[PDB]
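The lines below spell out each chain.
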Amino acid sequence: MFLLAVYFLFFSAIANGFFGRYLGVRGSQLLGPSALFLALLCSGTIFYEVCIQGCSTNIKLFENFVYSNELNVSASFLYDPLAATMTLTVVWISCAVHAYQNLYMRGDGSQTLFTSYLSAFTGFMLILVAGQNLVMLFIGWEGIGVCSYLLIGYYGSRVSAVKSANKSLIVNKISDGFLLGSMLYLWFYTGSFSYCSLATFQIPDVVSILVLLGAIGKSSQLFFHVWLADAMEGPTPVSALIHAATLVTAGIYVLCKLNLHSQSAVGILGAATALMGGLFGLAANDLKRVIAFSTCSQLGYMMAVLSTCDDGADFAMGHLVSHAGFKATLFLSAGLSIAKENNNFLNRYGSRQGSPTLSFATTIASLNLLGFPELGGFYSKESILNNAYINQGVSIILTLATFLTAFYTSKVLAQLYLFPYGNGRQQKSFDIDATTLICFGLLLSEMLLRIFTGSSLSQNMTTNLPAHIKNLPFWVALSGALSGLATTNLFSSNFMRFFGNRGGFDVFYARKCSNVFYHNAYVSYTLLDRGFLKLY
Amino acid sequence: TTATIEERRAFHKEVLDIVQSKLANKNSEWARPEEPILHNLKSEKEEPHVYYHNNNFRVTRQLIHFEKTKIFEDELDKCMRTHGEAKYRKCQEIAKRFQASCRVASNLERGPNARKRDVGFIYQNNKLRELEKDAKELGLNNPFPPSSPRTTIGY
Amino acid sequence: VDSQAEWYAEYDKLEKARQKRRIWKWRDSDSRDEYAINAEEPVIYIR
Amino acid sequence: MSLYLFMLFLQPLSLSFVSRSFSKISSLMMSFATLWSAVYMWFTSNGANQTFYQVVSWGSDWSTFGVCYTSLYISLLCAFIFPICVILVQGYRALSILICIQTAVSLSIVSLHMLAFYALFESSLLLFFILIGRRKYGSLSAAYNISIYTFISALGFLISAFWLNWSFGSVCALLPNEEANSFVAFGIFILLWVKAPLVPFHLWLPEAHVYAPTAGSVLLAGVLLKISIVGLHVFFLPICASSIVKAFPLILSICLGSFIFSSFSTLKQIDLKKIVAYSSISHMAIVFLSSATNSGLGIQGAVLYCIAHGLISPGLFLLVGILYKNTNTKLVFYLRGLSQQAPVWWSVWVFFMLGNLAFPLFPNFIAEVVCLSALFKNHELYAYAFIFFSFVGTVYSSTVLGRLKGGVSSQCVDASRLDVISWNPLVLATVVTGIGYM
Amino acid sequence: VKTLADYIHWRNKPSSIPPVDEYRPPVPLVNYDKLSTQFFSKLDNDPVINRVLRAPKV
Amino acid sequence: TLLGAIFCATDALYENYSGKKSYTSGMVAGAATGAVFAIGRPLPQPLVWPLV
Amino acid sequence: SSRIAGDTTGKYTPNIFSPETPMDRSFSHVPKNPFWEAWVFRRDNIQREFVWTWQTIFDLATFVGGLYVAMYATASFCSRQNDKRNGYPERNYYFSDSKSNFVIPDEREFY
Ligand SMILES: CCCCCCCCCCCCCCCCCC(=O)OC[C@H](COP(=O)([O-])OCC(O)COP(=O)([O-])OC[C@@H](COC(=O)CCCCCCCCCCCCCCCCC)OC(=O)CCCCCCCCCCCCCCCCC)OC(=O)CCCCCCCCCCCCCCCCC
Ligand SMILES: CCCCCCCCCCCCCCCCCC(=O)O[C@@H](COC(=O)CCCCCCCCCCCCCCC)COP(=O)(O)OCC[N+](C)(C)C
Ligand SMILES: CCCCCCCCCCCCCCCCCC(=O)O[C@@H](COC(=O)CCCCCCCCCCCCCCC)COP(=O)(O)OCC[N+](C)(C)C
Ligand SMILES: CCCCCCCCCCCCCCCCCCCC(=O)O[C@H](COC(=O)CCCCCCCCCCCCCC)COP(=O)(O)OCCN
Ligand SMILES: CCCCCCCCCCCCCCCCCCCC(=O)O[C@H](COC(=O)CCCCCCCCCCCCCC)COP(=O)(O)OCCN
Ligand SMILES: CCCCCCCCCCCCCCCCCCCC(=O)O[C@H](COC(=O)CCCCCCCCCCCCCC)COP(=O)(O)OCCN
Ligand SMILES: CCCCCCCCCCCCCCCCCCCC(=O)O[C@H](COC(=O)CCCCCCCCCCCCCC)COP(=O)(O)OCCN
Ligand SMILES: CCCCCCCCCCCCCCCCCCCC(=O)O[C@H](COC(=O)CCCCCCCCCCCCCC)COP(=O)(O)OCCN
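For this deposited structure, the header cites cryo-EM as the method used and 2.97 Å as the resolution.

Going by the annotation in the PDB entry, the name recorded for chain C is NUOP5, with Polytomella sp. Pringsheim 198.80 given as the source organism. The record lists the entry's title as "Cryo-EM structure of Polytomella Complex-I (membrane arm)".

Per the PDB entry, chain A carries the name ND5 and comes from Polytomella sp. Pringsheim 198.80.

J.: What am I meant to see in the overall build of chain C here?
T.: Across its full length, chain C holds one helix and zero strands. In terms of overall dimensions, chain C has C-alpha extents of about 65 × 15 × 15 Å along its principal axes. Classification of the 47 residues of chain C by burial places 19% in the buried group. For chain C, the accessible surface area stands at approximately 4,400 Å², while carbon and sulfur atoms represent 53% of it. Looking at charge distribution, chain C has the averaged site of its 10 positive side-chain charges lying 4 Å from that of its 11 negative ones.

J.: Please clarify how the site of ligand 6 should be interpreted in this entry.
T.: Around ligand 6 there are 14 residues in total, and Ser182, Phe186 and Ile251 of chain D together with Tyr94 and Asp97 of chain G lie nearest to it. Neighbouring residues of ligand 6 are not confined to a single chain but are spread across chains D and G. In the environment of ligand 6, an oxygen atom lies 2.8 Å from a nitrogen or oxygen atom belonging to the backbone of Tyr94 of chain G. Contact distances for ligand 6 include 3.1 Å between a nitrogen atom and a side-chain N or O atom of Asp97 of chain G.

J.: Explanation requested: the site of ligand 2 in the structure shown.
T.: Around ligand 2 sit 14 residues in total, of which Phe10, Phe62 and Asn64 of chain A together with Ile435 and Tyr437 of chain D are the nearest. Close to ligand 2, residues of chains A and D are found. Out of a free accessible area of 1,200 Å², ligand 2 has 52% covered by protein chains. The set of elements that each furnish at least two residues to the shell around ligand 2 consists of helix 1 (4-18) and strand 1 (57-68) of chain A. A total of five residues in the shell around ligand 2 trace back to one element, the largest contributor, which is strand 1 of chain A. The class makeup of the residues in the shell around ligand 2 is 11 nonpolar, two polar and one charged.

J.: Before we go on, may I ask you to explain the packing of aromatic side chains in this structure?
T.: The way to describe two aromatic rings as a pair is by their centre distance and the angle between their planes. By the definition in use, this model includes 69 aromatic pairs over all chains. Between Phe388 of chain D and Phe391 of chain D, the ring centres sit 5.4 Å apart and the planes meet at 80°, which makes this aromatic pair edge-to-face. With centroids separated by 5.8 Å and ring planes inclined at 75°, the aromatic side chains of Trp10 of chain E and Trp49 of chain F adopt a geometry described as edge-to-face. Remark: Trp49 of chain F occurs in helix 3 (residues 44-51) and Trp10 of chain E occurs in the loop between helix 1 (4-7) and helix 2 (47-54); the pair is interchain, linking two chains. Every member of this aromatic cluster is reached through a ring pair, and the members are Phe178, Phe517 and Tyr518 of chain A, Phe261, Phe264, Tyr384, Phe388, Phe389 and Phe391 of chain D together with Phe63 and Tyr68 of chain G. Cation over ring: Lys330 of chain D sits above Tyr324 of chain D, and NZ or CZ is 4.6 Å from the ring centre.

J.: I'm lost on the pattern of salt bridges in this one. Help?
T.: In this structure the tally under the stated criterion is 28 salt bridges over all chains. A salt bridge links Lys167 of chain A to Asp506 of chain A; its shortest N-O distance comes to 2.7 Å. Of the two residues, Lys167 of chain A is situated in helix 6 (residues 159-190) and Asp506 of chain A in helix 22 (residues 505-532); the sequence distance between them amounts to 339 residues. Of the residues examined, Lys167 of chain A reaches a relative accessible area of 24% and is grouped as partly exposed. Accessibility expressed as a relative area gives 30% for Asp506 of chain A, which makes it partly exposed. Two residues, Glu341 of chain A and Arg352 of chain A, come together in a salt bridge whose shortest N-O distance is 2.7 Å. Of this pair, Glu341 of chain A sits in helix 14 (residues 312-341) while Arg352 of chain A sits in the loop between helix 14 and helix 15 (356-370); the two residues are 11 residues apart in sequence, bridging distant segments of the chain. The network of salt bridges with common partners includes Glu63 of chain A together with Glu67 and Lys70 of chain B.

J.: In this structure, what is going on with the interface of chain D and chain A? I would like to understand it.
T.: Size of an interface, as often reported, equals the accessible area lost when the parts are brought together. Taken together, the contact between chain D and chain A spans 48 residues of the former and 44 residues of the latter. Carbon and sulfur atoms make up 71% of the surface buried where chain D meets chain A, a total of about 4,200 Å² over both sides. Of all residues in chain D, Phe264, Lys268 and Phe376 of chain D give up the largest surface area on contact with chain A, accounting jointly for 14% of the area buried on that side. At the surface where chain D touches chain A, the tally comes to two salt bridges. Where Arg530 of chain A meets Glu207 of chain D, a salt bridge forms, and the shortest distance between an N and an O atom there is 2.5 Å. Elements represented by at least two residues in the side of chain D that touches chain A include exactly helix 12 (248-266), helix 13 (272-292), helix 14 (296-327), helix 17 (363-378), helix 18 (380-389) and helix 19 (391-405) of chain D. At nine residues, the largest contribution of residues to the side of chain D that touches chain A is made by helix 19 of chain D. Considered class by class, the residues forming the side of chain D that touches chain A number 27 nonpolar, 15 polar and six charged.

J.: Quick question: what am I supposed to make of unusual backbone geometry here?
T.: Peptide bonds are mostly trans, and most non-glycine residues show a negative phi. Omega for the bond connecting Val199 of chain D with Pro200 of chain D falls within 30 degrees of zero, at 15°, which places this linkage in the cis form. Positionally, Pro200 of chain D belongs in the loop between helix 8 (182-195) and helix 9 (204-211). Even without a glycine there, the phi angle at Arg502 of chain A is positive, about 55°. On the basis of relative accessibility, which here comes to 21%, the residue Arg502 of chain A falls in the partly exposed class.

J.: Before we go on, may I ask you to explain the pairing of strand 2 (residues 64-67) of chain D in this structure?
T.: Where a strand is regular, its side chains alternate between the two sheet faces. Residue and element names in this part refer to chain D. Neither face of strand 2 is open: one carries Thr64 and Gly66, the other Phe65 and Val67, and all of them are buried. Pairing of strand 1 (residues 54-57) with strand 2 involves four bridges; the strand directions are antiparallel. Along strand 2, the bridge assignment pairs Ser57 with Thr64. Two successive antiparallel strands, strand 1 and strand 2, enclose a turn made up of six residues, where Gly59 displays a positive phi of approximately 115°.

J.: Sorry if this is basic, but what is going on with the interface of chain E and chain A here?
T.: Tallying the contact residues gives six residues for chain E and 10 residues for chain A. Counting each side, the surface lost to burial between chain E and chain A is near 620 Å², with a carbon and sulfur contribution of 44%. For chain E, the biggest contributors to the area lost against chain A are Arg11, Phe39 and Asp44 of chain E; these three give 69% of the whole. The tally of links from chain E across to chain A stands at one salt bridge. For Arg497 of chain A, the salt bridge goes to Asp44 of chain E, with nearest N and O atoms at 2.7 Å. At the surface where chain E touches chain A, the tally comes to four residue pairs in polar contact.

J.: Looking at this structure, I do not really get the packing of helix 22 of chain A against helix 12 of chain D. What am I missing?
T.: Describing two packed helices takes the angle between their axes plus the distance from one axis to the other. Remark: helix 22 of chain A packs on helix 12 of chain D, axes separated minimally by 8 Å, with the N-to-C direction vectors making an angle of 95°. Viewed along their axes, helix 22 of chain A and helix 12 of chain D adopt a mutual orientation that is roughly perpendicular. Here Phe517, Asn520, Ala521, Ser524, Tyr525 and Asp529 of chain A of helix 22 of chain A lie close against helix 12 of chain D, whose contacting residues are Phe261, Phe264 and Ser265 of chain D. Its residues assigned to classes, the contact of helix 22 of chain A with helix 12 of chain D shows five nonpolar, three polar and one charged.

Rules used in this analysis
Here every chain is numbered from 1 following its written sequence, which may not line up with the entry's numbers; residues without coordinates are dropped from view. Each chain gets a letter, beginning with A, and each ligand a number, beginning with 1, in the order they are written. These chains belong to a larger assembly; the values given apply solely to the chains on display. Processing note: side-chain calculations cover all non-hydrogen atoms of the structure and skip hydrogens and water entirely. Runs of E in the DSSP output that reach at least two residues are strands. Runs of H or I that reach at least four are helices, and both are numbered from the N terminus. The rule is simple: take the accessible area with a 1.4 Å probe, protein chains only, and divide by the maximum for that residue type; under 20% is buried, over 50% is exposed, in between is partly exposed. For the accessible areas, the method is Shrake-Rupley and the probe is 1.4 Å, while residue cover comes only from the protein chains on display. Counting rule applied: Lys, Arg positive; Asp, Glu negative; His and chain ends not counted. Here the site of a charge means NZ on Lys, CZ on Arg, CG on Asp, or CD on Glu. For this purpose, a residue is taken to be near a molecule or strand whenever a single non-hydrogen atom of the residue falls within 4 Å of it. Each polar contact in these results corresponds to two N or O atoms within 3.5 Å; when the atoms are within protein, one needs to be able to donate a hydrogen and the other to accept it, and residues that are neighboring in sequence are counted only if both atoms are side-chain atoms. Under the grouping applied here, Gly and all other residues not named as nonpolar or charged are polar, the nonpolar ones being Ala, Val, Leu, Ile, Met, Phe, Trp, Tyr, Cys and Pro and the charged ones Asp, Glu, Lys and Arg. Each pair of aromatic rings taken from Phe, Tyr and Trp, with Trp reduced to its six-membered ring, is defined by centres within 6.5 Å and is described as stacked if the planes are under 30 degrees apart, edge-to-face if over 60, and tilted in the remaining cases. We count a charge as sitting over a ring when the NZ of a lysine or the CZ of an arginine lies within 6 Å of the ring centre and within 35 degrees of the ring normal. Salt bridge criterion: a side-chain nitrogen from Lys or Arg within 4 Å of a carboxyl oxygen from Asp or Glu. When checking whether two residues touch, look at their non-hydrogen atoms; a contact exists if any pair is within 4.5 Å. The term buried area denotes the loss of accessible surface (1.4 Å probe radius) that occurs when two parts are joined, taken as the sum for both partners. Only when DSSP finds a minimum of two bridges between them are two strands counted as paired. The convention used is that axes are lines fitted to C-alpha atoms, helices contributing only their stretch in contact, and that angles between N-to-C directions extend from 0 to 180 degrees. Orientation labels follow simple angle bins: below 35 degrees gives roughly parallel, above 145 gives roughly antiparallel, 65 to 115 gives roughly perpendicular, and whatever is left gives oblique.

If you want it as structure tokens, here you go:
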């Protein structure tokens, strides 16, 4: 029963991408959503069996996947509470994205290949989450990396999309290299790759740094966030999957599965990434970019909370699962707005008659991001902010990030709906089928269920804080939202420009790192092999 | 310890006799020896028959060690999965045994340049214990952490 | 197929060849003038 | 073993008696028969014989042939990859040269005598000079490079073999001998240094590959580079272990430098064949270092990675040859829109390039993991150095794929039925090894 | 004293001189392209900018 | 004669000062001879001759 | 102006005398460019423009020699650490001047 979900996704991938000539566009519009629905039924069974009823299961497919001398690893799947929760969230979001793609990608030539890549992408994410050993996780990590390369660069005749895919691939190579080094350290000194025997009470700092460096790649933290903003070249369904669940979450999942992180580093890196991402999102004028910077900020919050307390891992995973739903909703709604208006710029959006479902889903997702009380996003974010009070540095930065988050989120909501119409007087239209309505029904259902069921066991446990300190996140969010509605100026033009250039990390890489890389290549080749050592 | 040429030629003749006795009856497990040929040679390469037989014995032993390690890992994984949250206290022994097996397998034939595999951080913990004892007795201040009770699930 | 017999036979053949080679490599000077090194050899000179 | 050697001797023999019109058919059938004989040799190789599975001698130390773990894998790889080379080549002259080269190479792998090894491997010296220097599509410079580099390295190896034959009295691997001499170790090492391209002795390889026919390039990358690992495992580590341990800091410096400089040089390449050639040079460094550690993990890892390369590099060279036949260009700048214009060629190209980058479902991943584990067994820094610099391979491969993937093109340049037939065995073998049947 | 050094073809001068005229790829035109090297400048708070952007009632 | 005198003198002087027979003595004698050979020669030669 | 050269039935003949151009493998060749061809030639034959200048010597020594020196120093450090870790006596390496003959550890001996 547990294997079935992975089978359904890989089957949908093979069918759509190898037998699409027979199935057709309509055949992929059937087999994709059907397989994802079946996988949702299996994931729901897994979630009930493991999470609610505390029944972890291990399925060993085969032994001796790698058998060289002492080194021995097997392909085995352990469904633990973290795996069940992530499997459920991933499959729910993927099923929604598959339903969404039926209408969105009708205007794209390869809808069969797109559906195939989406299902293979979901399968590799489930392999990463459910792996019982570090090698299976690496298999999933690389599979999602390759699927992202094949999906971001889907538009090959655009130089920006191919460059965005190359950027993703290179950054992910650097990260998985650090991970491979850490896995080698852990195998050598613990004797196994299985997480049960992997447990080490005291680990040398080197392994901790290598683990963190590996994780900061997929979960785009500071210095490694360049690829996320660029990943906007790909079609909207890809962005929803990568940002909401498949890619950003993997780093957090790795850090939570093996608690080798160092408190000092994770807190500072997280709080910095939260603030920087919020500031970058303030300057952004593309709808899809703002939601990416919001993803960066939220990832910063999840990374930061690990430092605060022992329950930080539970709080981080709880935020991760709460975030995937609303963030997916934000991307799908942004895509539909872009499709309906033929515009990507916030300036040209405005009030216009539309579907009630889409406008409500956008409002509720934005409210969850903002932190509106009595919402799934609110509980998962307050759990972090309240517990971070002990670390004075992390708390102050995270509150400032909450303010900036509220400001941009409110500005975006005002610009997309409240603001008067800003596009031209030309005939534009995108009619929504019942499949899109089902997709939004699924996202809203996830959002509602999250409030009733919660995200962590310790979510509502009392944090012994004065009332003024416990309710401050709300006041900061409200103040930011009010300032964002008024569309006031917060920073001087020098800083607004700085934030628009994203801190100039990419300008540094191009002017110095890329030039050094190609000078090393020039010395290695032109000066030496084909110069000094080449005959006349 | 010195080996005279008379003793060396005597051992060579004995080795030839051992080969002749082995040759008399066919054995399908000739290259999977259960016992080594005992010797006091400076270099094993001197007696080719001893060298090859002992190498085959060492390969047999290493294969057995690798399979034993896999068995130990299977019992540790089962034990860990049965106990639940009591795994740390109840699976200390099984883990200790598994880690010992891993060290034996890796260390026996590591190679000329390979370092000893410190499964369980036993060597590091020992070194820290010695460093602490010396610093405390000599009145020095140790710049290293003190030895730990447990550094891994077992060792 | 008695592998042990084949291995021992091959090793023996190689060892015999090595011994024969070393015996062959023991070569004194064959110069006609060099009577001292080859005193015991039975040669007749027609000169 | 005897069946394999007999089939090997029959394949060059068959050409003398064929009709001159049936040459290609006969050569293909002979290649398949040699593959089947290799499978029979594998069947008749019992794991119970731990040291050497089978040894045969035909009256002298030179005619001593035998199969071990390294020899068995390399011989099976050569027999697997030869049919592809055969079908890709047309003409009696070309067939004769290729069949003679293959016979010499396949006899070298199973040889257990250093002098016989030299006699068989270096017999195919003029044939490569003539093949790489063919009238219209060949370069005399590349032929001279490969020939001179081979002659100098093999002559040094020959001098070391002569000293070992004089001092010990025999040069057969089956007789246990140890030497601490550094001159003799260097003599044996220099051959390995040149044959498996290691900086700064790698210049001969790219020239030869670019100006060789596709059958020649496929054979060269697939198995000719591997002949170094057979010499290391069979003729160097048993006798000159002390010198490899004495020089390990230098060996590591030269291997890592080769990996780095080759990776950086691959970045400045505009020709697809040169890109594949420099990728091979970079990949050879890990195999060489892993074997030099003289550990179980290293020898197995090196052989496994060699098989993975011997399955991934022929695929890329085959696809490059197919593309060149379709377009008469190897410049990445002229080739654009290949995704839209050749969806079937593109799929296989992307798959093989993913294999070259050591992704998990490919044999390269497992092999790399084992080799990195062996390096980590030696020192953690040794492993880290290799793992970090692997990104350079990603940068060049990504740039190439991106340039080829999109653009505007007015030519439909896709593979024919013959081209798919030629890569299907390589694809299936790659998949099977990737899933763990190494 | 005549020596090999006199007759060896030392690589001191380039045998081939690249063509002076070189291709510059076509690029979309940016009307005003002067780089801003000063984070703090009077231009940001210029009277013109205040009248054009900051002051108009919105 | 001048070049050979330089080489022999430097070799003997280094060996006496160092007190040991070593490769370095030959290297420094060769380097000094090659430096004297390349006193007025163009750019590459000052590097190449001390090495050869 | 064009005709299908290939025949699936096997009755393929090359009409060398056909007025109409055969759609053979040569139909899909990409048109070359005079300037691209000269760029390719210049890139391959870049040894002609090589000149020994102080900047070239500096760059070569600093990156190639510098990397080689760093790599040797790191390998020597790692060897020293491993020898200390293993408990082996200082090994006689090639360039190391050690008054010890230790090279290969004895398998029988316990270190
Ligand atoms: C008992 C019952 C009967 C059952 C049968 C059993 C009998 C057993 C053996 C009997 C088989 C007949 C032997 C064939 C004799 C003639 C072969 C020949 O002429 O070759 C080309 C000839 C093709 O003739 P063609 O196309 O009509 O045009 C040639 C024209 O005459 C001139 O054309 P071109 O001017 O345009 O020249 C172009 C040339 C391009 O120019 C070159 O490349 C020149 C390169 C110089 C030689 C190549 C160096 C490397 C060769 C390596 C050896 C190959 C085997 C590798 C195995 C390693 C062995 C250590 O390209 C070629 O010629 C072919 C390239 C590759 C062939 C080279 C191999 C031949 C080596 C020596 C041939 C024997 C001649 C002895 C003369 C006897 C009285 C005069 O034959 C072939 O089909 C290919 C060669 C077959 C090689 C088997 C011969 C054994 C040699 C291996 C040495 C092992 C020791 C011998 C023991 C053998 C078993 C006891
Ligand atoms: C042009 C192509 C068009 C056609 C496409 C073909 C579609 C191929 C389908 C993909 C295959 C996916 C199956 C992956 C498992 C590989 C099957 C396998 O290897 O068989 C195993 C048996 O194991 C299985 O059957 C696995 C069950 C397969 C299906 C179960 C769930 C399916 C979901 C896919 C997830 C698999 C994740 C595994 C990641 C490593 C052999 O058993 P052993 O005797 O132990 O072999 C020794 C092991 N070793 C290979 C290492 C030597
Ligand atoms: C792990 C257990 C089960 C494994 C199943 C894996 C999922 C399916 C794997 C199928 C084969 C793996 C690799 C297929 C060949 C690689 C080429 C490829 O994937 O796509 C080809 C073409 O795709 C195909 O024809 C075959 C794809 C069928 C299924 C692919 C699913 C996604 C691949 C999985 C990634 C492989 C994992 C390797 C590393 C873990 C090229 O696509 P584009 O470069 O994007 O250009 C297409 C044109 N356009 C511009 C419009 C986008
Ligand atoms: C919250 C955690 C921190 C996140 C990021 C913090 C980054 C802080 C580092 C910048 C602050 C110190 C900068 C050094 C002082 C330089 C002051 C003026 C700079 C200058 O004059 O030259 C520049 C040198 O580039 C440079 O200044 C490059 C130096 C940067 C050091 C490497 C650190 C990584 C930087 C990554 C992001 C930083 C983006 C902007 C630096 C531009 O040189 P030019 O091109 O005009 O020269 C002409 C080409 N011939
Ligand atoms: C006690 C002795 C003291 C030391 C004294 C040393 C004195 C000289 C020693 C040098 C020996 C090396 C032999 C190789 C010479 C270089 C190649 C000749 C250059 C050449 O022009 O060859 C052309 C093509 O060669 C090529 O294309 C080949 C390119 C270069 C080959 C690289 C050499 C192999 C690797 C070198 C060392 C490797 C390991 C060393 C242990 C063919 O010219 P042509 O046919 O047109 O004739 C027309 C006349 N110009
Ligand atoms: C400068 C970096 C070195 C470049 C090599 C890098 C990596 C190569 C390592 C290869 C591995 C095995 C080879 C064994 C030794 C070769 C080089 C080792 C380094 C070396 O030169 O040590 C020398 C001794 O080696 C010797 O005496 C023999 C040197 C090699 C001879 C050169 C050509 C020989 C060709 C002979 C052909 C066949 C002859 C067979 C009779 C002097 O070191 P030292 O111990 O005196 O320390 C005194 C310092 N204070
Ligand atoms: C074919 C060998 C020719 C050398 C090729 C090197 C590249 C040529 C460039 C010209 C440079 C002049 C030659 C220098 C090479 C010597 C290596 C320097 C190492 C060194 O200085 O240590 C010395 C010992 O090394 C030694 O003197 C013995 C090392 C043996 C040299 C390296 C052997 C393998 C090199 C072959 C690599 C590839 C072959 C292709 C050429 C000092 O020792 P010390 O006893 O004085 O201690 C000091 C107590 N006062
Ligand atoms: C003409 C040709 C050459 C001219 C130009 C050459 C200029 C290069 C000079 C510096 C190059 C890098 C510095 C390395 C050597 C520094 C001094 C060597 C002496 C030495 O071994 O000291 C060790 C250096 O630290 C170390 O162990 C190595 C630290 C540096 C390695 C990492 C730096 C870059 C990393 C990039 C990757 C490269 C390595 C990849 C594995 C530490 O002393 P000790 O404790 O060992 O005592 C050992 C007794 N002296």
